[PDB]
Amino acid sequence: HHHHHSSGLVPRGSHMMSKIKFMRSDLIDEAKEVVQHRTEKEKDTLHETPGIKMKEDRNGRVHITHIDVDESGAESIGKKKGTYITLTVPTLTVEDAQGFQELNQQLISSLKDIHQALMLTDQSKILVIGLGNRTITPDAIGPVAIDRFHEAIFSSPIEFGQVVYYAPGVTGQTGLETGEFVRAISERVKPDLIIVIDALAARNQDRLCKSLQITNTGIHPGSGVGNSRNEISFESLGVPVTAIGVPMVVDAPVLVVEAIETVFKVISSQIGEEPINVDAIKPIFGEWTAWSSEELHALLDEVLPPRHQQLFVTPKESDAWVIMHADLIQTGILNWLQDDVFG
């Protein structure tokens, strides 16, 4: 009859708002179309999203996902055209020096892969920006990366000059958005590459602090912890823009949504001693077992006190995580600059 199970209860407008929020979630490998395109490879099957080429390697403990989104796939799934490399150590912990060491290697290799077509010379001027608010622990990735980057420049062949770096902080206090601020600098610096380091938001809490995502599509709008970034890309600016991000937070309503769906999934997987067996669990757990993640999120948006959307979720030791990742990202960028741009 109706097309969506929530119709009659969740406003159609709120459902559409949530569909959009989820298409613009920071991890491309969390788009629904990308998770279907991975399952679909059972010796290759149709692929209803055609504008998605997905490579999948693995090198030690690092699982690599290379995704190219062409112009057709971008209109389909709502994410800028370009390349997305996601590196993931699922077992990673703060103490896991080896995993961090392996991620460092994979990061340097992916940095030249994604930048080979730029044809970078030992005469290129490279601008590194760490976005984030330093006093919000999981958002401090960017700024702490810039601090460590500046430190490592001393002990390194790389002269200052030909690599310039800034951590803009909360640029809104001065009357500019992070977009204009990075533009105001890139105009005078005239860089050949702009690398932006930022903290990202995941939907599944098990993703947090265990992945890097490198993309040549820049900083997408509505991204980051504050859900408030402006586009910073080769299109907005005229300079190639690479974003390196690590997922540090879940939005409070999104964490609720995945918990509810985890109840449904776990109960479903234990039938017969990750799909939801709606027919079996619906008499117990209700019609919303049939709903999609966005319908549940639209429900939460309507029903929860509004302060819920001002809340984030992060690990209790996310300050150790920030330190480990800020050191990983700065090191891979600098070793990449040494090996394959300046030496």
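Throughout, we count residues from 1 along the sequence that is shown.
According to the entry, the deposited sequence places 10 or more unmodelled residues between residue 273 and residue 274. Between 159 to 167 and 200 to 208, the higher mean Cα B-factor belongs to 159 to 167. The deposited model assigns a higher average Cα B-factor to 53 to 61 than to the other stretch when 297 to 305 and 53 to 61 are compared. In this entry, the residue among 148, 125, 134, 220 with the greatest C-alpha B factor is 125. In this entry, the residue among 287, 26, 42, 317 with the greatest C-alpha B factor is 42. Looking at the C-alpha B-factors along this chain, the one for residue 1 belongs to the highest third.
Among the modelled residues of its chain, residue 269 has a C-alpha B-factor that falls in the lowest third according to the deposited record. Sort the modelled residues of the chain by CA B factor and residue 102 lands in the middle third. Per the deposited record, the Cα B-factor of residue 85 falls in the middle third when ranked against the other modelled residues of its chain.
In the deposited entry, the Cα temperature factor of residue 113 places it in the highest third of its chain's modelled residues.
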